[PDB]
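Down below is the structure, laid out as structure tokens.
Cβ: placed from backbone, ideal geometry, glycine included. Neighbour counts: every protein chain shown. Please treat every number below as a calculation from the coordinates, not as lab data.
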Number of protein chains: 2
Amino acid sequence: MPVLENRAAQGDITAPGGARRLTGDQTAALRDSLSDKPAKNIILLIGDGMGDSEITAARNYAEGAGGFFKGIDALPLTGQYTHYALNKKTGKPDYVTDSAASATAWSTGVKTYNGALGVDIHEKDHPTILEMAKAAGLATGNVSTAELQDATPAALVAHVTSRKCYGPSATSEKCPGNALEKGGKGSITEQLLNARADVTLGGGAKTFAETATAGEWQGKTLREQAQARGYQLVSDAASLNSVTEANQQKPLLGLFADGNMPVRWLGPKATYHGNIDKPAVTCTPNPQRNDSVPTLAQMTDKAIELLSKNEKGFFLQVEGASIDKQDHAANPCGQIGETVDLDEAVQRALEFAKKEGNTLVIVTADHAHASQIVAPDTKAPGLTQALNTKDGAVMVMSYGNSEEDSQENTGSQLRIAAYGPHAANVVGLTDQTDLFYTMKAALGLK
Amino acid sequence: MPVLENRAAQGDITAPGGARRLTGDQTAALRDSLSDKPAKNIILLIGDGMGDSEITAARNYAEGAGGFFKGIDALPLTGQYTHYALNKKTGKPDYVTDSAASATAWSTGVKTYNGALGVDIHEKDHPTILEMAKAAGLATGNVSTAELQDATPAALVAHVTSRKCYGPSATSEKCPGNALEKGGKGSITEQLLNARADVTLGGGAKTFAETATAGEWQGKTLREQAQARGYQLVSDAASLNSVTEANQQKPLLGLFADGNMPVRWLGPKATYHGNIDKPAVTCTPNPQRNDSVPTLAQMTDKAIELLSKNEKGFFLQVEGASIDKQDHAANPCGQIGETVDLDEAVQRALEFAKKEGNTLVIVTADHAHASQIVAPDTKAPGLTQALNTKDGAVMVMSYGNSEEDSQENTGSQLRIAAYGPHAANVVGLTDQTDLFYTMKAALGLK
Ligand SMILES: [Mg+2]
Ligand SMILES: [Mg+2]
Ligand SMILES: [Zn+2]
Ligand SMILES: [Zn+2]
Ligand SMILES: [Zn+2]
Ligand SMILES: [Zn+2]
């Protein structure tokens, strides 16, 4: 099963045929990409907010328009999927989802209202694909660059009526019915600790500082509870590399930042008429990113090494979290840098899957975002910025959907791509909930 | 070779698995969709400005979020393609193309600068897929709801340095090197009359009123020249249906409007804070659309009937033109109504192709546009409108990329889908210029 090795412009883009990405007929390669054999493992990579617009902007900047992302763009089976949410009150579609409702959709197979995690519009819990894999005896991993209580990773292990219920304090107040002391299952963090994935890596150390209001570990901080329940905690690259085993006996929990891990690139915020009134930007690497902080590609690779020791197989979800956040911040460089970061992780995943042979790799996003690529001379109502791309030309980016501080999500359907057994299921138009069924069936779970 | 019969939500969207669009594994069906056999015909459908955002918005409104476009969404092989143009001066990429540069790309295989038609950055002419099909003895048709001089249909038969050179007067001034009286090939309309496609249907009757400044029909109107060169002119649905033959001896030219044909639906324009300050809109059919004016599905059907009588096969390009135009006008109803209109034309194309068996059908857009689907409570800097959808819920649409009168094109990569032999070539990431090569090869042209 072939991954697309090179879809960059074949030559001189100004000459006939120079901008072609194809070198011959793809029929036979596509036939070789089709397999309904069972998937032993599944690696799901999510770029938060990574719509087709975000992937194009990032490719134009980092690789040039005729360039090619060796990870993101190399998946051969591609399609478009819908991710609308539901209005809790009426049960009707809500056309623009938030990250909580979308994550619940592919992780449980049931649509829900914006803000919910692991429950339907009736607030009923539904098992997640991770809980299910684990019950079947597979190793499971949840990796992200955001706080681990954030919507995307949390949806795999928590069931609460509001994404805001990070730890005990917030829960008692926002999710009283889930509050441990009110007999509920607990806050996002408490449920995370209970779920016990073999490998969990990300930010969000902060909430682990809270102390439980009830239960067996009442009085202890959630950090204390984790060590007590037998988790191996790590907080830096070095310690992370030191790990050799990760299992139910000694599950791994890496907390590399108080909040969200640091962004790869820095650049200024987009401004009103910024492509007109201001010079073009060249993004710059973040000096704080750090040698002590594992990159997404490093966290991905470690997770694969450890989960790979389970003969039954594994389920891994990897999230390039700050794409969405930088997009909300109307910060092109932060946004593009996080997409490039994600590409590196996709590469690692694809390299393993290619050699292992029974691994389904899927790359997609939870929903679309605000950023649009507009003409250089554009006079727009929102925030714009001109950037200097790898082509040595200027690309302008516009965030024009909000007058508030942060730019919002949008509802366009968007790319979904896959490689490996059962990837045919992402071709054509599908729904985000079909993703849950595709993964459950490929792994043969019940 | 199966078309996707139904990918609408299979059930109750609020229940587990109710929003699924799939009912089982797709591997086998995709294997049956793969064929490298030669294509006898090719039908290319272009929705101008119909990016993934435009398709989602129109689907949500007309069919409901969990709905399905029986034409547009029924193509089984899907991918995403890039359509960047080139800076004429530097030869570097220009990330946001206009319609002329994009149409030239798929129609000739060479990238060009914004505003060019059928020429490269050096202003050299390159033969189009239509000129090539005709030279090989295939029948050819060019159908559009815009003026026939507009960029999309023009690119198939004209080679001029500026898309503004509609007829003799504009040409003599804007494209002096092309002006007939200066020894050039002539204006867009004069070149259209020389290319002599078997079937050409659209608007733009107005420019045909100009008179040639030189040549054999000097002094006559372009309308008179057409009749004198033996074209069968028709101007209404009835005369169009009367046609029984269309060929080189008696080629058909239908001019159904002075300018662009009438839009399908009416609705007011989006406005600043329109989703807040104003009630939701329900689109209404346009009384002027007329029983005397053929619809895009009608023109497509008549064109297929006529071109089908050529044993060698045919090439037909069909354009749903006002999607782009209404999008530029910040008019949701006009925009969605043209997308629905195009779906009807895609249905007729697919019905024929499904029974004929050697027809490649491709549906895509020249570039992306401005509209974004945003939360209902959005307070945006641009123009917004709330719409009442088929789901009985409200969808809000934002045009936030221009302070000028018209909203602009954007540069995201966007969906391309196909059905038939050689459709595999649109899967994964490709470039718009690859489409010229895919069609040339599928048809076996030289
Ligand atoms: Mg996230
Ligand atoms: Mg057009
Ligand atoms: Zn999100
Ligand atoms: Zn988001
Ligand atoms: Zn266009
Ligand atoms: Zn356009």
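Numbers for the structure displayed
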read-out: Pair list, Cβ < 7 Å and 6+ apart or interchain, from segment B:9-23 residues that are more than 7 Å from chain A (Cβ to nearest Cβ) and surrounded by 17 or more Cβ atoms within 10 Å (Cβ to Cβ) to residues that are of a type in the set (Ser, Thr, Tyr) and in a loop (DSSP other than H, G, I, E, B); value: B:10/B:23
read-out: Any chance residue A:432 is buried (at least 21 other Cβ atoms within 10 Å of the Cβ) and in contact with a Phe, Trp or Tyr (Cβ under 6 Å, 6 or more places away or on another chain); value: yes
read-out: Selection from segment B:218-251 of residues that are among the charged types (D, E, K, R), more than 30 Å from residue B:339 (Cα to Cα) and surrounded by 15 or more Cβ atoms within 10 Å (Cβ to Cβ); value: B:220, B:223, B:224
read-out: Wholly within segment B:318-394, strands (runs of 3 or more DSSP E) carrying at least 3 residues that are touching a strand residue (DSSP E or B) at 6+ places or on another chain (Cβ under 6 Å) and within 16 Å of ligand 4 (Cβ to nearest atom); value: B:372-374
read-out: Extreme residue, farthest from ligand 2 (Cβ to nearest atom), among residues of segment A:24-35 that are facing chain B (nearest Cβ under 8 Å) and part of a loop (DSSP other than H, G, I, E, B); value: A:35
read-out: Among the candidates B:25, B:48, residue that is over 21 Å from residue A:53 (Cβ atoms) and not aliphatic (A, V, I, L, M); value: B:25
read-out: Tabulated pairs, segment B:69-92, first aromatic (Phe, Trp, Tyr), second part of a loop (DSSP other than H, G, I, E, B), C-beta under 7 angstrom, 6+ apart or interchain; value: B:69/B:63; B:81/B:413; B:84/A:65; B:84/B:95; B:84/B:97; B:84/B:411
read-out: Some residue of segment A:356-367 being in contact with a helix residue (DSSP H, G or I) (Cβ under 7 Å, 6 or more places away or on another chain) and of a type in the set (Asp, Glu); value: yes
read-out: Output for segment A:143-161, where each listed residue is within 16 Å of ligand 4 (Cβ to nearest atom) and in a loop (DSSP other than H, G, I, E, B); value: A:149, A:150, A:155
read-out: Selection count where residues are farther than 19 Å from residue A:322 by Cα and either among the β-branched types (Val, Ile, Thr) or out of contact with any helix residue (DSSP H, G or I) (no Cβ under 8 Å at 6 or more places or on another chain) (or both), scope segment A:381-400; value: 10
read-out: Inter-residue pairs, beta-carbon under 6 Å, first touching a residue at least 24 places away in the same chain (Cβ under 8 Å) and within 14 Å of chain B (Cβ to nearest Cβ) and in segment A:311-329, second of a type in the set (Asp, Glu) and more than 16 Å from ligand 5 (Cβ to nearest atom), 6+ apart; value: none
read-out: Segment A:343-376, residues that are among the charged types (D, E, K, R) and either within 16 Å of ligand 5 (Cβ to nearest atom) or in contact (Cβ under 8 Å) with a residue 40 or more places away in the chain (or both); value: A:343, A:344, A:348, A:354, A:356, A:366
read-out: Residue check, residue B:59 free of Cβ contacts under 8 Å to residues at least 24 places away in the same chain, closer than 26 Å to residue B:348 by Cβ and among the charged types (D, E, K, R); value: yes
read-out: Of all residues making up segment B:227-247, the number that are part of a helix (DSSP H, G or I) and touching a strand residue (DSSP E or B) at 6+ places or on another chain (Cβ under 6 Å); value: 1
read-out: Any chance residue A:402 is of a type in the set (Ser, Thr, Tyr), part of a loop (DSSP other than H, G, I, E, B), within 10 Å of chain B (Cβ to nearest Cβ) and closer than 23 Å to residue B:18 by Cβ; value: no
read-out: Selected residue (criterion: surrounded by the most Cβ atoms within 10 Å (Cβ to Cβ)) from residues of segment A:36-52 that are more than 16 Å from ligand 1 (Cβ to nearest atom) and more than 7 Å from chain B (Cβ to nearest Cβ); value: A:43
read-out: Among the residues listed as B:313, B:320, B:259, B:334, the single one being under 23 Å from residue B:193 (Cα atoms) and within 16 Å of ligand 5 (Cβ to nearest atom); value: B:320
read-out: Output for segment B:286-310, where each listed residue is surrounded by fewer than 14 Cβ atoms within 10 Å (Cβ to Cβ) and either touching a residue at least 24 places away in the same chain (Cβ under 8 Å) or part of a loop (DSSP other than H, G, I, E, B) (or both); value: B:288, B:291, B:292, B:309
read-out: Looking only at segment A:69-78, and only at residues there that are assigned to a loop (DSSP other than H, G, I, E, B) and more than 7 Å from chain B (Cβ to nearest Cβ), the one that is nearest to residue B:95 (Cα to Cα); value: A:69
read-out: Residue match in segment A:252-272 (condition: buried (at least 17 other Cβ atoms within 10 Å of the Cβ) and under 18 Å from residue A:376 (Cβ atoms)); value: yes
read-out: Of residues in segment B:93-131 being part of a loop (DSSP other than H, G, I, E, B), within 12 Å of chain A (Cβ to nearest Cβ) and among the β-branched types (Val, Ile, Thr), the one surrounded by the fewest Cβ atoms within 10 Å (Cβ to Cβ); value: B:121
read-out: Matching residues in segment B:405-435 - criterion: being over 21 Å from residue A:56 (Cβ atoms) and either facing another protein chain (nearest Cβ under 9 Å) or among the polar types (S, T, N, Q) (or both); value: B:406, B:421, B:422, B:423, B:424
read-out: Filtered residue count, segment A:55-74, keeping only those that are crowded, with 24+ Cβ neighbours inside 10 Å, over 22 Å from residue B:425 (Cα atoms) and in contact with a helix residue (DSSP H, G or I) (Cβ under 6 Å, 6 or more places away or on another chain); value: 2
read-out: Within segment A:165-212, tally of residues that are free of Cβ contacts under 8 Å to residues at least 60 places away in the same chain and in a helix (DSSP H, G or I); value: 22
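A quick yes/no check of all residues on (1) of a type in the set (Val, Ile, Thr); (2) within 16 Å of ligand 6 (Cβ to nearest atom):
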| position | (1), (2) |
| --- | --- |
| B:115 | no, yes |
| B:150 | no, yes |
| B:153 | no, yes |
| B:163 | no, yes |
| B:167 | no, no |
| B:171 | yes, no |
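Results for (1) surrounded by 24 or more Cβ atoms within 10 Å (Cβ to Cβ); (2) among the hydrophobic types (A, V, I, L, M, F, W, C); (3) touching a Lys or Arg at 6+ places or on another chain (Cβ under 6 Å), shown as yes or no for each residue.
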{"position": "A:325", "(1), (2), (3)": "no, no, no"}
{"position": "A:328", "(1), (2), (3)": "no, no, no"}
{"position": "A:356", "(1), (2), (3)": "no, no, no"}
{"position": "A:380", "(1), (2), (3)": "yes, yes, no"}
{"position": "A:401", "(1), (2), (3)": "yes, no, no"}
